[PDB]
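The chain that follows stands alone, in the form deposited in one PDB entry, written as structure tokens.
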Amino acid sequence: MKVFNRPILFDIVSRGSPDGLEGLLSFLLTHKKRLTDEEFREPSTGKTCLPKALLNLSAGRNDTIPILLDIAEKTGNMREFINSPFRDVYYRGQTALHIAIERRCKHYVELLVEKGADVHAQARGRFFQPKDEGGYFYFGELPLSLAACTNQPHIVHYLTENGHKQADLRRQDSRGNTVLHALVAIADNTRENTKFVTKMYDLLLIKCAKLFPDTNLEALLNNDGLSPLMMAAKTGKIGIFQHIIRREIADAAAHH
């Protein structure tokens, strides 16, 4: 019957044609193949067809996505498919969930999480000199930290409170950075940046008080031994620094 190989599969998925996938499940089962196999991944990056789908949206949709996830499930391959990591010159360990978040697709975020996406997958920056020159946009590696740093509160809410698999507000990346440190890292002292960063910072604190009442999220230290406050002070992030200070003063007054 119908045959699928990498160029065919990638053409279908990049055009976003659900009908083109007719016969794919049967092909994989009959030939004992999986969408994670090396022959169906981009050799230069490790991308499966799932990231390719998410990078090729039409009005925020690519209807091959649900079909691919179903095929992966029916080939005993769903978790491996969803979480298959890829790299480019800037990050390694990137996953479909990171893309779904970055492209602002709350619907695909939900879809992936419900079906087993690793909510703590770390997109680690790549470097080429003996010490990290930081040629990548740093957002705290984690899906939750990406959602926060890109100003997506509804995705932040979903990731932390959905009924399938919750991202941990207290999680730290490879630098020891929590989502709060990540927000300090991306702060730039411009008016609109300070505006959304402080709102997101407060949102996360409110949430952490609800979900983890014995945790002071602001006290957790990164690998430089810095709290978000002190990181902010050291790296000259005045806007967020001043907001955190005023917030602690208001919180103290409220309890006294």
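Residue numbers run from 1 along the displayed sequence.
Quick note: we don't show the form solved in complex with a small molecule, though the next part is all about it.
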Using 4.5 Å between non-hydrogen atoms, is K210 touching the small molecule in the deposited bound form?
no
Does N151 make contact with the small molecule in the deposited bound form, using a 4.5 Å heavy atom cut-off?
yes
Is there a non-hydrogen atom of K106 within 4.5 angstroms of a non-hydrogen atom of the small molecule in the deposited bound form?
yes
If we define contact as a non-hydrogen atom of the residue within 4.5 angstroms of the partner, is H31 a contact of the small molecule in the deposited bound form?
no
Among 108 to 116, 67 to 75, 165 to 173, 151 to 159, which stretch sits within 4.5 Å of the small molecule in the deposited bound form, heavy atoms only?
151 to 159
